[PDB]
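Protein chains in written order, with the deposited numbering: chain B, 1 to 432; chain A, 1 to 440; chain K, 177 to 351.
Note that CB positions come from ideal geometry on N, CA and C, so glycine has one too.
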Ligand SMILES: CC(=O)O[C@H]1C(=O)[C@@]2(C)[C@H]([C@H](OC(=O)c3ccccc3)[C@]3(O)C[C@H](OC(=O)[C@H](O)[C@@H](NC(=O)c4ccccc4)c4ccccc4)C(C)=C1C3(C)C)[C@]1(OC(C)=O)CO[C@@H]1C[C@@H]2O
Ligand SMILES: Nc1nc2c(ncn2[C@@H]2O[C@H](COP(=O)(O)OP(=O)(O)OP(=O)(O)O)[C@@H](O)[C@H]2O)c(=O)[nH]1
Ligand SMILES: Nc1nc2c(ncn2[C@@H]2O[C@H](COP(=O)(O)OP(=O)(O)O)[C@@H](O)[C@H]2O)c(=O)[nH]1
Ligand SMILES: [Mg+2]
């Protein structure tokens with residue numbers, strides 16, 4: 001029985017995880033107190049993917065909460081679903097990292113990593129057949145990035161055969177909230193490229209653009225961003241929980257999407273999104289979902305796919321629909337946009353179909369792309385990195401905690417090598 | 001006694017098996033819970049025929065089947081569905097993750113630790129059986145389980161039983177549409193299994209059946225249920241001769257004899273003629289000549305390959321219903337008269353004919369109309385190689401750069417094996433021409 | 177480079193011979209059907225040599241520094257003939273991975289150093305996947321760049337091994 005251990009780090013990861021546990025909990029029908037009050041018989045069939053079973057017919061999510069500032073933990077406990085989590089999994093300390101990756105990875109997090117790994121081992125030992133992990137955190141921050149990278153390294157050291165997923169929120173061109181985001185982002189990306197099987201890219205700029213242009217909201221908050229992201233996470237792993245005409249495990253996505261080991265940075269997307277005003281106009285059907293999934297403005301990474309090529313894509317549909325229509329639409333998308341797909345991967349579109357849609361919708365779809373345009377994002381960070389590293393803008397904070405220029409240099413070189421490895425396949429006309 | 005054992009592997013195999021067992025239960029008047037009211041209603045005869053069902057003491061009938069899959073989901077659907085009380089509880093789920101579109105996972109690492117249990121169940125079923133005729137294996141290329149575990153199972157079955165026939169019904173990848181990126185690797189790596197161990201393998205294509213549904217049955221949005229029902233009709237037409245009386249009956253051995261000119265050539269195509277909707281069932285005679293001609297139409301082939309680009313080497317027609325030898329003789333003469341259908345120089349005989357009295361049934365809630373006559377044509381021809389060639393090209397496009405190879409190599413497979421499979425396939429492609437050449 | 181690598185000073189042939197014996201003892205070796213002493217890990221033996229010329233007027237001390245690198249790679253395996261199961265299988269898988277990437281690098285390198293040299297001289301851009309494995313990463317300067325390198329290929333005369341043996345020759349033909 002496949003099931004997932006869940007880890008949350010930092011403020012962004014903690015909040016996204018809280019919202020995610022509210023969404024999954026609806027689909028499966030779980031009371032905030034922990035009891036089950038569903039209506040369908042298929043909600044409890046595979047509930048063990050996320051939830052352990054307690055004595056009194058309760059269900060406890062298999063989540064791990066990590067931070068160095070206690071305050072966020074309180075915000076989780078004093079909330080709509082604060083009592084659902086078991087208190088033993090609230091692992092935290094004091095004197096947070098303060099947006100310093102060195103404190104998160106080397107000085108402060110090195111003490112709390114033992115306790116976090118203890119709780120992770122305790123959860124993973126009880127697993128019937130542990131599939132893999134998934135971590136939510138922010139690369140541009142402090143405790144989140146550092147402790148996420150450290151935990152990822154330790155877990156890959158101890159569990160080499162299991163899947164290691166990751167949902168990362170990285171910096172943006174215009175949206176910036178810390179002065180030292182490039183250093184943290186560069187070091188985090190250097191750590192992630194080695195020790196991770198899948199990494200979904202999320203950008204606040206793309207989510208705000210979706211909210212303003214697609215959903216037409218006027219005053220979006222972080223709740224809406226968490227809503228979209230949690231919808232994506234629930235969309236990714238639908239097939240482990242519910243039956244379908246053609247299933248798609250996590251390993252199937254990993255195999256079909258990753259041509260070479262270092263190219264595992266994905267662009268996610270979700271459909272439909274209708275703004276609550278145009279819901280009565282559009283007809284809902286497979287062609288509409290196909291059109292919305294591949295639209296450039298619907299992506300969550302703020303990287304235009306038209307500036308590169310799609311190495312691979314995966315489409316996970318939820319709902320009762322015909323397979324012939326899905327296959328025809330995917331073939332049409334391949335054929336019409338002939339110049340945005342690579343010429344040495346015939347039929348580079350993975351397809352999955354699940355028969356149980358979300359509770360309020362007749363149809364839905366999730367899109368996981370893998371394209372060269374992601375290089376742009378890395379290039380941007382690299383540019384900013386140089387602009388601070390050449391003069392050593394803030395390096396004394398990092399070197400005071402037990403680092404040196406050599407780690408910065410090797411991280412920058414690794415990032416540049418990854419950026420070069422994407423471009424290779426980016427240009428057309430492989431001959432000269 | 002006449003009987004054959006059905007094995008279903010993977011999601012495609014399990015769903016085709018669901019359709020097949022629905023059709024069999026409807027045909028023989030067996031209720032979903034295994035009881036047969038006809039036994040008490042009539043008090044005689046033989047309705048729970050032993051070709052597919054075994055009767056216990058209490059009157060229950062249990063099918064002779066072995067479902068296998070690495071995912072628990074697809075068979076857990078069966079274990080809690082309409083037919084939960086029919087099958088034996090031994091359903092052989094591997095309580096782990098799945099092959100993940102990898103030959104290596106389903107053949108080397110995870111395919112083992114479940115193969116022994118499957119062979120034990122097959123041994124029990126064979127011991128129950130008297131005068132076993134063969135195995136009907138349902139699987140699918142492209143999928144990791146349907147490829148790797150099929151290879152393991154066929155190897156072990158050939159080692160153990162050897163002389164019993166083994167027929168495949170497999171879903172070859174389509175030329176254009178597909179549901180995975182690593183389909184060509186999985187499909188190519190099954191060449192050794194499908195060539196050396198299988199005695200006669202039937203291939204079907206999703207695109208061809210979609211076109212058949214769109215054109216004939218006027219179904220604009222078909223799903224896999226229709227495909228499974230059509231394939232079930234094919235299999236039932238093939239195996240009908242072991243169950244019901246007929247003017248000319250054709251069992252599996254004599255069936256194989258008149259369809260394999262050489263050992264390395266056992267890859268025929270299959271077609272079902274009277275695929276027609278209920279509304280279009282009127283306005284048409286549906287005589288023997290019409291269905292015989294429709295069997296030879298390129299548009300109705302179940303695999304995307306044109307018979308007009310090659311030569312027919314053997315044909316076996318299996319008729320059901322109100323059919324008489326005069327009409328089939330006339331139809332065969334008319335087909336021989338046509339010049340578009342080219343037969344090889346070294347097979348003057350051409351056709352094998354079998355006739356059965358039991359007409360095809362109609363599943364409730366289905367799409368095929370009730371008909372008085374039907375025919376299934378199985379043709380060994382040279383055109384199939386063209387389809388293979390297309391797939392081979394795709395394989396090359398992914399192997400020149402070693403894309404996705406590390407996933408296979410990390411689970412025990414060696415690199416050169418890839419190359420090896422390709423030459424093996426190439427050798428097959430050279431034998432399915434060197435035979436079509438006119439003699440001198 | 178490899179951080180915290182015990183670089184031992186030696187002065188005589190007997191001492192380095194003792195180091196060699198200890199190192200060969202310390203390696204990981206396991207028995208399989210193909211060989212009773214099948215190696216389970218790649219090995220790199222490095223000798224750092226320093227040549228000094230002393231003069232109080234003009235000459236420069238430490239005239240030359242050289243690195244002698246002898247590399248013994250675990251060979252590719254096939255699960256059917258090897259008969260591996262469990263750990264012996266998993267190890268082999270890693271070995272095969274560490275070889276497959278290496279082959280790509282060799283092929284990649286060859287084409288580039290064939291192309292720019294023979295084609296025109298464009299030198300636009302060519303990516304070599306050095307980072308896909310630690311073996312290719314550590315030998316970045318050895319397979320290409322700042323060193324003089326020799327490749328010794330081992331063959332098997334057995335007829336049954338033909339389909340494998342030829343493969344080696346092909347890469348050797350590109351080496
Ligand atoms: C159809 C209808 O009458 O109401 C819809 C609705 O109007 C729309 C606009 C909904 C609505 O979504 C939003 O307004 C929204 C706002 C900010 C961020 C994200 C969404 C909806 O709020 C969202 C809500 O979604 C669900 O109920 C899904 O099951 C969703 N779960 C949750 O939203 C949820 C939130 C908190 C607690 C429990 C469940 C889900 C989505 C993916 C995967 C799993 C679950 C639905 C259907 C609707 C409303 C209520 C208007 C849409 O959202 C989703 C995810 O369905 C917007 O795009 C769709 C299109 C829908 O038509
Ligand atoms: N005709 C038909 N084809 C199917 C059906 N289900 C799946 N397929 C085909 O099977 C291919 C791969 O699915 P499977 O071979 O069943 O994969 P699997 O057996 O579940 O093995 P895994 O890869 O480990 O999941 C797809 O490309 C489909 O085209 C079906 O119900 N009918
Ligand atoms: N999507 C989303 N992003 C957030 C949220 N809170 C913070 N962020 C992002 O995270 C970055 C700050 O990282 P932070 O959470 O402080 O890292 P930490 O200090 O290690 O916990 C900012 O650039 C924000 O864009 C949130 O609720 N939702
Ligand atoms: Mg499967």
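Would you report the Cα separation of residue i and residue j, rounded to the nearest angstrom?
{"i": "residue 189 of chain K", "j": "residue 153 of chain A", "result": "58 Å"}
{"i": "residue 429 of chain A", "j": "residue 254 of chain K", "result": "26 Å"}
{"i": "residue 397 of chain A", "j": "residue 405 of chain A", "result": "13 Å"}
{"i": "residue 55 of chain B", "j": "residue 392 of chain A", "result": "57 Å"}
{"i": "residue 332 of chain K", "j": "residue 367 of chain B", "result": "50 Å"}
{"i": "residue 112 of chain A", "j": "residue 106 of chain A", "result": "8 Å"}
{"i": "residue 385 of chain B", "j": "residue 350 of chain K", "result": "40 Å"}
{"i": "residue 320 of chain A", "j": "residue 375 of chain A", "result": "6 Å"}
{"i": "residue 247 of chain K", "j": "residue 14 of chain B", "result": "48 Å"}
{"i": "residue 241 of chain K", "j": "residue 228 of chain K", "result": "9 Å"}
{"i": "residue 5 of chain B", "j": "residue 376 of chain B", "result": "32 Å"}
{"i": "residue 345 of chain K", "j": "residue 147 of chain A", "result": "31 Å"}
{"i": "residue 345 of chain A", "j": "residue 300 of chain K", "result": "58 Å"}
{"i": "residue 256 of chain A", "j": "residue 372 of chain A", "result": "27 Å"}
{"i": "residue 417 of chain B", "j": "residue 280 of chain K", "result": "17 Å"}
{"i": "residue 142 of chain B", "j": "residue 270 of chain B", "result": "29 Å"}
{"i": "residue 212 of chain B", "j": "residue 104 of chain B", "result": "34 Å"}
{"i": "residue 6 of chain A", "j": "residue 378 of chain A", "result": "20 Å"}
Quick check: is any heavy atom of ligand 1 less than 7 Å from the C-beta of residue i?
{"i": "residue 227 of chain B", "result": "yes"}
{"i": "residue 124 of chain B", "result": "no"}
{"i": "residue 274 of chain B", "result": "yes"}
{"i": "residue 286 of chain B", "result": "no"}
{"i": "residue 170 of chain A", "result": "no"}
Count the other CB atoms, across all protein chains shown, that sit within 10 Å of the CB of residue i; report buried if there are 16 or more and exposed otherwise.
{"i": "residue 78 of chain B", "result": "exposed"}
{"i": "residue 21 of chain A", "result": "buried"}
{"i": "residue 351 of chain A", "result": "buried"}
{"i": "residue 182 of chain A", "result": "buried"}
{"i": "residue 63 of chain A", "result": "buried"}
{"i": "residue 21 of chain B", "result": "buried"}
{"i": "residue 101 of chain B", "result": "buried"}
Quick one: what's residue i bridged to in DSSP?
{"i": "residue 355 of chain A", "result": "A:248 and A:319"}
{"i": "residue 67 of chain B", "result": "B:92"}
{"i": "residue 62 of chain A", "result": "A:54"}
{"i": "residue 450 of chain A", "result": "With chain A covering 1 to 440 only, the question about residue 450 of chain A has no answer from this structure."}
{"i": "residue 272 of chain A", "result": "A:376"}
{"i": "residue 370 of chain B", "result": "B:312"}
{"i": "residue 265 of chain B", "result": "B:199"}
Looking at ligand 2, does it come within less than 7 Å of residue i, judged from the CB to the closest heavy atom?
{"i": "residue 356 of chain A", "result": "no"}
{"i": "residue 111 of chain A", "result": "no"}
{"i": "residue 11 of chain A", "result": "yes"}
{"i": "residue 143 of chain A", "result": "yes"}
{"i": "residue 206 of chain A", "result": "yes"}
Would you check whether ligand 5 has a heavy atom nearer than 7 Å to the C-beta of residue i?
{"i": "residue 231 of chain B", "result": "Looking at this structure, you won't find ligand 5 anywhere; what it does contain is ligand 1, ligand 2, ligand 3 and ligand 4."}
Quick one: is the Cβ of residue i within less than 7 Å of any heavy atom of ligand 3?
{"i": "residue 351 of chain B", "result": "no"}
Does ligand 4 have even one heavy atom less than 7 Å from the beta-carbon of residue i?
{"i": "residue 98 of chain A", "result": "yes"}
Meets three-Cβ-pair contact criterion under 8 Å: the stretch 192-203 of chain B and the stretch 140-155 of chain B:
yes
Please determine if the stretch 172-190 of chain B and the stretch 202-221 of chain B are in contact, where contact requires at least 3 C-beta pairs separated by less than 8 Å.
By the Cβ rule, the stretch 172-190 of chain B counts as touching the stretch 202-221 of chain B, because three or more pairs are nearer than 8 Å.
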